[PDB]
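Have a look at the structure below before the remarks.
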Amino acid sequence: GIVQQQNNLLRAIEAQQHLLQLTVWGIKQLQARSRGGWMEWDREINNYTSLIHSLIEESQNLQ
Amino acid sequence: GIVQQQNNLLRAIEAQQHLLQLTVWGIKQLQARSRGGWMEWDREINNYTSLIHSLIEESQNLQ
Amino acid sequence: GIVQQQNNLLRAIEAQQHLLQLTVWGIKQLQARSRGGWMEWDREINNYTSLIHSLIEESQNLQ
(Lines give C-alpha, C1' and ligand atoms only; values in the text may rest on other atoms or scores of the structure.)
Protein backbone atom coordinates (compact mmCIF):
# COMPACT_ATOMS: atom_id res chain seq x y z
CA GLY A 1 0.00 0.00 0.00
CA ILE A 2 0.86 3.70 -0.19
CA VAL A 3 1.55 3.71 3.55
CA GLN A 4 3.83 0.67 3.40
CA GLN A 5 5.77 1.97 0.40
CA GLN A 6 6.23 5.26 2.24
CA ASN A 7 7.64 3.60 5.37
CA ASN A 8 10.05 1.64 3.19
CA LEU A 9 11.25 4.79 1.42
CA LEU A 10 12.04 6.39 4.77
CA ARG A 11 13.89 3.23 5.90
CA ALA A 12 16.02 3.34 2.74
CA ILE A 13 16.76 7.00 3.37
CA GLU A 14 17.80 6.26 6.96
CA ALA A 15 20.02 3.41 5.72
CA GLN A 16 21.64 5.65 3.10
CA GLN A 17 22.24 8.33 5.75
CA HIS A 18 24.24 5.73 7.67
CA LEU A 19 26.33 4.94 4.59
CA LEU A 20 26.77 8.65 3.89
CA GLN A 21 28.09 9.24 7.43
CA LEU A 22 30.50 6.33 6.98
CA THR A 23 31.93 7.94 3.84
CA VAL A 24 32.23 11.32 5.64
CA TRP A 25 34.09 9.63 8.50
CA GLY A 26 36.35 7.87 6.00
CA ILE A 27 37.18 11.06 4.11
CA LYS A 28 38.10 12.80 7.37
CA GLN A 29 40.45 9.96 8.30
CA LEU A 30 42.09 10.40 4.89
CA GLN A 31 42.50 14.17 5.16
CA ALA A 32 43.80 13.85 8.72
CA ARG A 33 46.61 11.64 7.42
CA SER A 34 47.86 14.59 5.38
CA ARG A 35 44.34 20.66 2.54
CA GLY A 36 44.18 22.15 6.03
CA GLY A 37 41.46 24.43 4.75
CA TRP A 38 38.58 22.05 5.45
CA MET A 39 36.91 24.51 7.85
CA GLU A 40 34.03 25.36 5.50
CA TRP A 41 33.72 21.76 4.32
CA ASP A 42 33.27 20.65 7.95
CA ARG A 43 30.72 23.39 8.57
CA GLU A 44 28.67 22.34 5.52
CA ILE A 45 28.84 18.64 6.37
CA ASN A 46 27.69 19.44 9.92
CA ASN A 47 24.85 21.72 8.83
CA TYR A 48 23.46 19.26 6.29
CA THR A 49 23.92 16.31 8.61
CA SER A 50 21.94 18.10 11.35
CA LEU A 51 19.39 19.06 8.70
CA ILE A 52 18.99 15.52 7.37
CA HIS A 53 18.71 14.26 10.94
CA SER A 54 15.84 16.65 11.68
CA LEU A 55 13.97 15.76 8.47
CA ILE A 56 14.31 12.06 9.28
CA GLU A 57 13.12 12.36 12.88
CA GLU A 58 10.27 14.44 11.47
CA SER A 59 9.32 11.80 8.88
CA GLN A 60 9.49 9.18 11.64
CA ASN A 61 6.96 11.25 13.54
CA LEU A 62 4.84 11.60 10.40
CA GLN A 63 4.59 7.80 10.00
CA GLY B 1 -0.83 13.06 5.72
CA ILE B 2 0.39 11.11 2.71
CA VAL B 3 1.10 14.37 0.89
CA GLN B 4 3.06 15.86 3.80
CA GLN B 5 5.11 12.71 4.34
CA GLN B 6 5.91 12.69 0.63
CA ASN B 7 7.15 16.30 0.62
CA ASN B 8 9.34 15.50 3.62
CA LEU B 9 10.86 12.45 1.89
CA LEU B 10 11.82 14.61 -1.08
CA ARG B 11 13.33 17.23 1.24
CA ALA B 12 15.46 14.55 2.92
CA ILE B 13 16.56 13.32 -0.49
CA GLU B 14 17.53 16.84 -1.55
CA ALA B 15 19.45 17.28 1.72
CA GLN B 16 21.28 13.99 1.25
CA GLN B 17 22.16 14.98 -2.33
CA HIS B 18 23.89 18.03 -0.87
CA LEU B 19 25.88 15.85 1.53
CA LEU B 20 26.69 13.43 -1.27
CA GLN B 21 28.07 16.26 -3.42
CA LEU B 22 30.17 17.43 -0.48
CA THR B 23 31.76 13.98 -0.17
CA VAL B 24 32.40 13.88 -3.95
CA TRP B 25 34.09 17.28 -3.75
CA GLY B 26 36.15 16.10 -0.79
CA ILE B 27 37.30 12.92 -2.52
CA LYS B 28 38.40 14.92 -5.57
CA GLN B 29 40.44 17.25 -3.37
CA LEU B 30 42.11 14.16 -1.91
CA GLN B 31 42.90 12.54 -5.25
CA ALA B 32 44.17 15.84 -6.63
CA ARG B 33 46.75 15.95 -3.83
CA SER B 34 48.29 12.77 -5.24
CA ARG B 35 45.39 7.14 -9.37
CA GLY B 36 45.39 9.41 -12.42
CA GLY B 37 42.91 7.04 -13.99
CA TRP B 38 39.81 8.69 -12.54
CA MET B 39 38.41 9.47 -16.01
CA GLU B 40 35.62 6.88 -15.83
CA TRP B 41 34.94 7.62 -12.16
CA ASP B 42 34.39 11.30 -13.06
CA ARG B 43 32.13 10.36 -15.95
CA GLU B 44 29.98 8.14 -13.72
CA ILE B 45 29.77 10.71 -10.94
CA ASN B 46 28.72 13.34 -13.49
CA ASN B 47 26.13 11.12 -15.18
CA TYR B 48 24.49 10.07 -11.91
CA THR B 49 24.65 13.58 -10.48
CA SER B 50 22.88 14.97 -13.58
CA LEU B 51 20.43 12.07 -13.31
CA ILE B 52 19.67 12.66 -9.63
CA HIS B 53 19.27 16.36 -10.35
CA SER B 54 16.65 15.68 -13.03
CA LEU B 55 14.70 13.25 -10.83
CA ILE B 56 14.66 15.81 -8.02
CA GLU B 57 13.52 18.73 -10.18
CA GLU B 58 10.89 16.33 -11.52
CA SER B 59 9.67 15.35 -8.04
CA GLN B 60 9.58 19.05 -7.14
CA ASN B 61 7.28 19.55 -10.10
CA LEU B 62 5.19 16.55 -9.03
CA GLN B 63 4.56 18.07 -5.58
CA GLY C 1 -0.31 11.50 -8.47
CA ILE C 2 0.70 9.92 -5.17
CA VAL C 3 1.72 6.76 -7.02
CA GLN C 4 3.84 8.63 -9.57
CA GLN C 5 5.56 10.76 -6.94
CA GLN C 6 6.34 7.59 -5.01
CA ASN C 7 7.95 5.86 -8.00
CA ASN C 8 10.05 8.96 -8.61
CA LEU C 9 11.24 9.04 -4.98
CA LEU C 10 12.40 5.44 -5.27
CA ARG C 11 14.19 6.22 -8.56
CA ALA C 12 16.04 9.11 -6.89
CA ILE C 13 17.00 6.82 -4.03
CA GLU C 14 18.32 4.20 -6.45
CA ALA C 15 20.28 6.91 -8.29
CA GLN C 16 21.76 8.22 -5.05
CA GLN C 17 22.73 4.67 -4.04
CA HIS C 18 24.77 4.51 -7.25
CA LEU C 19 26.53 7.77 -6.38
CA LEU C 20 27.09 6.58 -2.82
CA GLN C 21 28.74 3.37 -4.07
CA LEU C 22 30.96 5.44 -6.36
CA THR C 23 32.18 7.50 -3.39
CA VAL C 24 32.80 4.30 -1.36
CA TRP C 25 34.83 2.86 -4.24
CA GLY C 26 36.77 6.12 -4.52
CA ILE C 27 37.58 6.25 -0.81
CA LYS C 28 38.86 2.67 -0.91
CA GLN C 29 41.15 3.51 -3.84
CA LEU C 30 42.50 6.40 -1.75
CA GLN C 31 43.11 4.34 1.39
CA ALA C 32 44.70 1.57 -0.66
CA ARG C 33 47.28 4.07 -1.92
CA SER C 34 48.48 4.49 1.66
CA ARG C 35 45.02 3.57 8.32
CA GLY C 36 45.24 -0.20 7.87
CA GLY C 37 42.53 -0.51 10.48
CA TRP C 38 39.61 -0.22 8.05
CA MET C 39 38.28 -3.67 8.99
CA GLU C 40 35.25 -2.37 10.89
CA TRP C 41 34.67 0.41 8.35
CA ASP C 42 34.49 -2.22 5.58
CA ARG C 43 32.13 -4.37 7.63
CA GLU C 44 29.77 -1.43 8.24
CA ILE C 45 29.84 -0.31 4.61
CA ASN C 46 29.05 -3.88 3.53
CA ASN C 47 26.24 -4.36 6.04
CA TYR C 48 24.52 -1.09 5.17
CA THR C 49 25.04 -1.58 1.45
CA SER C 50 23.40 -5.04 1.64
CA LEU C 51 20.67 -3.49 3.78
CA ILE C 52 19.99 -0.63 1.38
CA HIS C 53 19.97 -3.11 -1.50
CA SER C 54 17.29 -5.22 0.19
CA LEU C 55 15.10 -2.20 1.02
CA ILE C 56 15.33 -1.03 -2.59
CA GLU C 57 14.49 -4.41 -4.14
CA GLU C 58 11.63 -4.51 -1.64
CA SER C 59 10.32 -1.06 -2.64
CA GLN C 60 10.62 -2.12 -6.28
CA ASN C 61 8.37 -5.05 -5.44
CA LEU C 62 5.99 -2.73 -3.58
CA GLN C 63 5.53 -0.52 -6.67
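FYI, nothing fancy with the C-alpha coordinates labels: chains A, B, ... in order, residues from 1 per chain, ligands from 1 as they appear.
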
**OP:** Write out as a PyMOL selection string each polymer residue whose atoms come within 10 Å of region 3-11 of chain A, counting only C-alpha atoms; drop sequence neighbours fewer than 2 positions from it.
**Re:** (chain A and resi 1+13-17+56+59-60+62-63) or (chain B and resi 1-2+5-6+8-9+12-13) or (chain C and resi 3+6-7+9-10+13+51-52+55-56+58-63)

Subject >> Point-to-point distance from CA of residue 37 (chain C) to CA of residue 34 (chain B), Å rounded to tenths >> reply: 21.4 Å

**OP:** Mind checking which residues fall within 12 Å of residue 19 (chain A), counting only C-alpha atoms, ignoring those fewer than 2 positions away in the same chain, and posting them as number ranges by chain?
**Re:** A: 12-17, 21-26; B: 16, 19-20, 23; C: 16-24, 41-53

Subject >> Distance of CA of residue 31 (chain B) from CA of residue 36 (chain C), expressed in Å to one decimal place >> reply: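 Distance between the two atoms: 18.4 Å.
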
Original post:
What is the CA of residue 33 (chain A) to CA of residue 30 (chain B) distance in Å?
Top reply: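 Value for the CA of residue 33 (chain A)-CA of residue 30 (chain B) distance: 10.7 Å.
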